[PDB]
Protein chains: 2
Amino acid sequence: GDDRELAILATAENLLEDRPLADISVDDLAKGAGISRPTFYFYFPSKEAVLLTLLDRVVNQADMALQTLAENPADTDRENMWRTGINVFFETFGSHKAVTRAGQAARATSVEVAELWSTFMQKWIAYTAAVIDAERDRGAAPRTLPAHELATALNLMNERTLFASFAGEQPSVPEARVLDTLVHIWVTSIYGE
Amino acid sequence: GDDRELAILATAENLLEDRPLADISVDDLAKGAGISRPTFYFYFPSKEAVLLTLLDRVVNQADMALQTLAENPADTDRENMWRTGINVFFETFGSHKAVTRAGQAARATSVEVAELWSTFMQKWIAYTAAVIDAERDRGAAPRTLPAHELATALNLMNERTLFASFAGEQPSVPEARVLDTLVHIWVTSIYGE
Ligand SMILES: CC1CCN(C(=O)NCc2ccco2)CC1
Ligand SMILES: CC1CCN(C(=O)NCc2ccco2)CC1
């Protein structure tokens with residue numbers, strides 16, 4: 001039951017490593033999961049819907065991991081606090097590069113994917129803003145930009161930069177340099193005048 | 001000759017304000033330019049090729065405007081130097097929102113568009129880096145990150161942030177706030193420790 005579903009999900013993720021959604025048939029998804037095409041259609045209405053669920057689970061994994069971090073303060077300086085946070089996204093999406101890459105393209109096409117991404121981005125920006133605001137209240141950050149606007153630009157940087165880097169786009173920050181790069185820009189822009 | 005070509009370009013830009021490339025036929029492009037479908041095919045192999053040229057001219061306009069700025073130093077502080085520069089991109093792409101939005105989608109699909117964007121981004125990052133390096137040499141900026149990596153992340157921020165803002169995406173920086181937002185993050189990240 002759940003097992004066939006899990007196998008369709010895993011077959012899909014596997015197949016997205018080597019080629020795009022376009023050049024993957026539900027036929028390929030069925031065989032890989034060891035089921036018929038009709039049986040596939042019982043678990044998912046489409047191949048697009050397989051991607052969506054896959055993306056859903058990556059996004060929830062990131063979020064949950066961020067919630068875990070937020071609940072257990074790490075005994076460290078401001079720079080490592082931010083780093084530890086950004087690293088959740090770096091590791092989680094970096095561990096699911098094929099889904100990441102396919103998700104982001106599907107944003108153009110699928111309203112569900114666009115809305116899924118949109119919902120979580122807003123949540124992560126709201127959280128970034130609350131932390132900046134909290135840093136301003138304790139007197140550790142200067143009151144420069146509207147915290148929420150700053151959080152927005154910083155989150156959008158991370159999205160574009162993390163993903164160009166995982167795709168190996170030209171141009172991009174080398175994947176082994178991208179954490180330090182993003183952390184420097186977060187902390188200088190959050191704490192600097 | 002050039003006039004029919006110009007009219008196809010303008011018809012296309014006009015039509016992209018109200019709907020995507022997908023829901024624009026070459027038929028619509030021909031009528032709008034006041035020509036036949038066959039005559040259209042003499043000037044352009046496809047509707048995709050119309051977008052590409054349109055994007056080409058926006059991108060060259062931005063570049064040329066940046067070259068003009070680079071050739072005439074403005075008598076001003078570091079913050080306004082960066083602002084004046086980022087503003088070239090804000091105004092130029094912000095004046096061609098339909099082409100911008102369609103260009104960026106076509107990146108997924110068209111290898112020409114992807115390469116066009118890629119070429120110019122590299123050029124703009126190289127230039128940003130040369131300016132950061134020049135600021136480090138005169139002793140106005142600290143030697144923090146690899147200048148080229150910093151330039152890369154900052155350029156990618158601007159691309160994602162400018163465009164989310166012009167599209168009116170959720171989330172985004174309001175278009176009337178996005179200049180100040182980006183300038184703060186450039187200058188704090190370039191000059192800060
Ligand atoms: C405190 C956290 C909040 C979120 N964040 C971050 O990179 N979000 C942007 C993103 C999502 C997927 C790729 O990039 C790190 C800092
Ligand atoms: C000195 C310049 C260099 C380029 N730049 C910039 O925003 N480039 C990124 C971009 C292109 C299109 C949208 O965003 C402003 C600063």
# chains A, B, ... in the order shown; residues from 1 in each chain; ligands from 1
>>> interface_residues(of="chain A", to="chain B", cutoff="7 Å", atoms="only C-alpha atoms", output="list in words")
residues 105, 108, 118, 122, 145, 149, 150, 152, 153, 156, 157, 160, 161, 170, 171, 172, 173, 181, 185, 188, 189, 192 and 193 of chain A
>>> select_by_dssp(residues="chain A", states="helix (DSSP H, G or I)", output="JSON, numbers by chain")
{"A": [2, 3, 4, 5, 6, 7, 8, 9, 10, 11, 12, 13, 14, 15, 16, 17, 18, 21, 22, 23, 26, 27, 28, 29, 30, 31, 32, 33, 37, 38, 39, 40, 41, 42, 43, 47, 48, 49, 50, 51, 52, 53, 54, 55, 56, 57, 58, 59, 60, 61, 62, 63, 64, 65, 66, 67, 68, 69, 70, 71, 78, 79, 80, 81, 82, 83, 84, 85, 86, 87, 88, 89, 90, 91, 92, 93, 94, 97, 98, 99, 100, 101, 102, 103, 104, 105, 106, 107, 108, 109, 111, 112, 113, 114, 115, 116, 117, 118, 119, 120, 121, 122, 123, 124, 125, 126, 127, 128, 129, 130, 131, 132, 133, 134, 135, 136, 137, 147, 148, 149, 150, 151, 152, 153, 154, 155, 156, 157, 158, 159, 160, 161, 162, 163, 164, 165, 166, 167, 175, 176, 177, 178, 179, 180, 181, 182, 183, 184, 185, 186, 187, 188, 189, 190, 191]}
>>> atom_distance(atom1="CA of residue 62 (chain A)", atom2="CA of residue 89 (chain A)")
6.1 Å
>>> residues_around(residues="region 46-61 of chain A", least_positions_apart="6", cutoff="7 Å", atoms="only C-alpha atoms", output="ChimeraX atom specification")
/A:9,26,93,99,103,113
>>> residues_around(residues="residue 1 (chain A)", least_positions_apart="6", cutoff="12 Å", atoms="only C-alpha atoms", output="mmCIF file with C-alpha atoms, in the first residue's frame")
data_model
loop_
_atom_site.group_PDB
_atom_site.id
_atom_site.type_symbol
_atom_site.label_atom_id
_atom_site.label_comp_id
_atom_site.auth_asym_id
_atom_site.auth_seq_id
_atom_site.Cartn_x
_atom_site.Cartn_y
_atom_site.Cartn_z
ATOM 1 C CA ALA A 7 8.681 2.828 -4.473
ATOM 2 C CA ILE A 8 7.087 5.178 -7.020
ATOM 3 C CA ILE A 35 3.715 -2.149 -10.903
ATOM 4 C CA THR A 39 -1.855 0.551 -10.683
ATOM 5 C CA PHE A 40 0.377 3.666 -10.787
ATOM 6 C CA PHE A 42 -4.291 4.544 -8.252
ATOM 7 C CA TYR A 43 -1.497 6.140 -6.173
#
>>> closest_residue(among="A:66, A:76, A:175, A:111", to="ligand 1", atoms="only C-alpha atoms and all ligand atoms")
A:66
>>> closest_residue(among="B:32, B:78, B:83, B:13", to="ligand 2", atoms="only C-alpha atoms and all ligand atoms")
B:83
>>> atom_distance(atom1="CA of residue 33 (chain A)", atom2="CA of residue 4 (chain A)")
6.6 Å
